[PDB]
Undergrad: 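Please see the structure below; I have some questions.
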Amino acid sequence: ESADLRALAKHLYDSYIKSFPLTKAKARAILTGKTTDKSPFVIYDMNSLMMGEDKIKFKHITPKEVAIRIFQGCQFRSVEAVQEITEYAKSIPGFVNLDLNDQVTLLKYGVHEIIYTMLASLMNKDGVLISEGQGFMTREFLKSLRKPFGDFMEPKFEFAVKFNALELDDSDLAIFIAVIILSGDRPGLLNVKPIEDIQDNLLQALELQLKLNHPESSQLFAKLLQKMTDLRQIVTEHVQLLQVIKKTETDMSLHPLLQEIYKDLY
Amino acid sequence: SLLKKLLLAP
Ligand SMILES: Cc1ccc(Oc2ccc3nc(COc4cccc(C(=O)O)c4)n(C)c3c2)c(C)n1
């Protein structure tokens, strides 16, 4: 029933709002200045990065050169994101009933693809929102960081620019994310069929969502399926830069949650 | 695993 597919779409959106503090809607309102809220502090060089030490708050408490501090910062944000996404995954009907090791597998291989999907919502061509909109770091400043770190985020800005041109909203994104998490082809899944059945229904929900929400863009569904494939490539490039960094540099500390996810991740 | 613990916590 199409009605049930709209009800599912709405359930996912409502769960998505619950799970993720900064939505695309709110992020766009910030990036365009439509909001009543105080403007993000702009980090555009080393000096402004230093000044931002006070203004910007991080949820984690932390009583190294700049490039490293920024990289570690992205680490900790990623750790936050994994927990938010885990909470969202658990709201997808059927997910918590799957074999628990399969849940772990879906998350392990899914989370980075979701991170970069959602990161796009915080990006425009000029930079990215950080710490729930409290700060804005320019694409140029990140690009200006010494190698390998100057190339760390550029692949993602390039993805976001093209992805954002599709003009998805939070309602589209909730279903798009759900489909990705419920990928039956992740390495090492034990019980594939129940995941495939769940994803098949989510895909129907996505197709109907896009037909209704983007009436004039027939091609959007086929393009989003390609973006899913693309996202895997973005994650591959990221993992390989991660190995380069993990060697090109004298060792920094990697968060154990990320260490666990990285293992066997390509 | 850490991911398993996150999945199990209400
Ligand atoms: C005062 C101050 C301000 C910022 C800052 O560094 C930071 C901290 C958190 C940040 N979050 C992002 C979002 O981008 C991300 C997020 C997650 C993963 C990736 C990814 O590419 O994997 C990129 N950027 C870019 C940050 C940079 C420090 C250390 N001090």
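Sequence lines set the chain letters: A, B, ... in the order given, protein chains first and strands last, and positions in each chain run from 1. Just so you know, ligand 1 is whichever comes first in the structure, and atom 1 is the first atom listed for that ligand.
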Undergrad: Which of the numbered atoms in ligand 1 are below 4.0 angstrom from a heavy atom of A:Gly52?
TA: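 Ligand 1 atoms under the 4.0 Å threshold to A:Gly52: 1 (C).
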Undergrad: How far is atom 13 (C) of ligand 1 from the closest protein heavy atom, and which atom is that?
TA: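 Result: A:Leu119 CD1, 4.0 Å.
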Undergrad: With a 4.0 Å heavy-atom cut-off (strictly under), which part of A:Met137 contacts ligand 1: side chain, backbone, both or neither?
TA: side chain
Undergrad: Under a 4.0 Å heavy-atom limit, does A:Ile43 contact ligand 1 with its side chain, its backbone, both, or neither?
TA: side chain
Undergrad: How far is atom 16 (C) of ligand 1 from the closest protein heavy atom, and which atom is that?
TA: A:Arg77 CG, 3.8 Å
Undergrad: For ligand 1, which atoms sit closer than 4.0 Å to a heavy atom of A:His238?
TA: 22 (O)
Undergrad: With heavy atoms of A:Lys156 as the reference, note each atom of ligand 1 found under 4.0 Å away.
TA: 20 (C), 21 (O), 22 (O)
Undergrad: Among A:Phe58, A:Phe41, A:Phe136, which one puts a heavy atom closest to atom 5 (C) of ligand 1?
TA: A:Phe58
Undergrad: Report yes or no: is the cationic atom of A:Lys156 (NZ for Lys, CZ for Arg) closer than 6.0 Å to the six-membered ring centre of A:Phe152, at no more than 45° off its axis?
TA: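 Yes, A:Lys156 and A:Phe152 form such a contact.
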Undergrad: Could you check whether A:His11 and A:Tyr16 have their ring centres less than 6.0 Å apart?
TA: no
Undergrad: A:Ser78 near ligand 1, heavy-atom distance under 4.0 Å?
TA: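 Contact check A:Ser78 vs ligand 1: positive.
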Undergrad: To check your reading of the model: name the closest protein heavy atom to atom 19 (C) of ligand 1, its residue, and the distance in Å.
TA: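 Protein heavy atom with the smallest distance to atom 19 (C) of ligand 1: A:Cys74 CB, 3.9 Å.
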Undergrad: Below 3.5 angstrom, do we get any N/O pair linking A:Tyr116 and ligand 1?
TA: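 Yes, there is a polar N/O contact under 3.5 Å.
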Undergrad: Using a strict cut-off of less than 4.0 Å between a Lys/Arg side-chain nitrogen and an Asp/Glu carboxylate oxygen, indicate whether A:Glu65 and A:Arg146 qualify as a salt bridge.
TA: yes
Undergrad: I'd like to check which ligand 1 atoms, numbered from 1 as shown, lie under 4.0 Å from a non-hydrogen atom of A:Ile130.
TA: 3 (C), 4 (C), 10 (C), 11 (N), 12 (C), 24 (N), 26 (C)
Undergrad: Would you say A:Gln75 touches ligand 1, if touching means a heavy atom closer than 4.0 Å?
TA: no
Undergrad: NZ of B:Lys5: more than 12 outside heavy atoms within 6.0 angstrom?
TA: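 Result for NZ/B:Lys5: open.
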Undergrad: Taking the six-membered ring for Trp, is the centroid-to-centroid distance between A:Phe76 and A:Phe71 below 6.0 Å?
TA: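 When the ring centroids of A:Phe76 and A:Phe71 are compared, they turn out to be at least 6.0 Å apart.
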Undergrad: Is any NZ, NE, NH1 or NH2 atom of the basic residue among A:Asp170 and A:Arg28 found under 4.0 Å from an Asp or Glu carboxylate oxygen of the other?
TA: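 Salt bridge absent between A:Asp170 and A:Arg28.
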Undergrad: If you measure only the distance, is there a donor-acceptor pair under 3.5 Å linking the side chains of A:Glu237 and A:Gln233?
TA: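 Note: A:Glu237 and A:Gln233 side chains meet the donor-acceptor criterion.
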Undergrad: I need the atoms of ligand 1 closer than 4.0 Å to a non-hydrogen atom of A:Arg69, numbered in the order shown.
TA: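 Taking each heavy atom of A:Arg69 in turn, ligand 1 has 29 (C) under 4.0 Å.
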Undergrad: Could you say whether the N/O atoms of A:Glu53 and ligand 1 ever approach to under 3.5 Å?
TA: no
Undergrad: How close does the nearest protein non-hydrogen atom get to atom 6 (O) of ligand 1, and which residue and atom is it?
TA: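 Closest protein heavy atom to atom 6 (O) of ligand 1: A:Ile70 CA, 3.6 Å.
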Undergrad: Tell me, please: is A:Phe76 in heavy-atom contact with ligand 1, that is, under 4.0 Å?
TA: no
Undergrad: Whether the A:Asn164 and A:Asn124 side chains hold a donor-acceptor pair (N or O, under 3.5 Å, no angle test) is what I'd like checked.
TA: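 No, no side-chain donor-acceptor pair sits under 3.5 Å.
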Undergrad: What I want to find out is whether A:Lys57 reaches A:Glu132 closely enough, with some N-O distance under 4.0 Å, to be called a salt bridge.
TA: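 Here A:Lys57 does not pair with A:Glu132 in a salt bridge, since their nearest N and O are not under 4.0 Å apart.
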Undergrad: Rounded at 0.5 Å granularity, tell me how far CG in A:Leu122 sits from CG in A:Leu22.
TA: 5.5 Å
Undergrad: Is a salt bridge present between A:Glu113 and A:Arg186, judged by a nitrogen-to-oxygen distance below 4.0 Å?
TA: yes
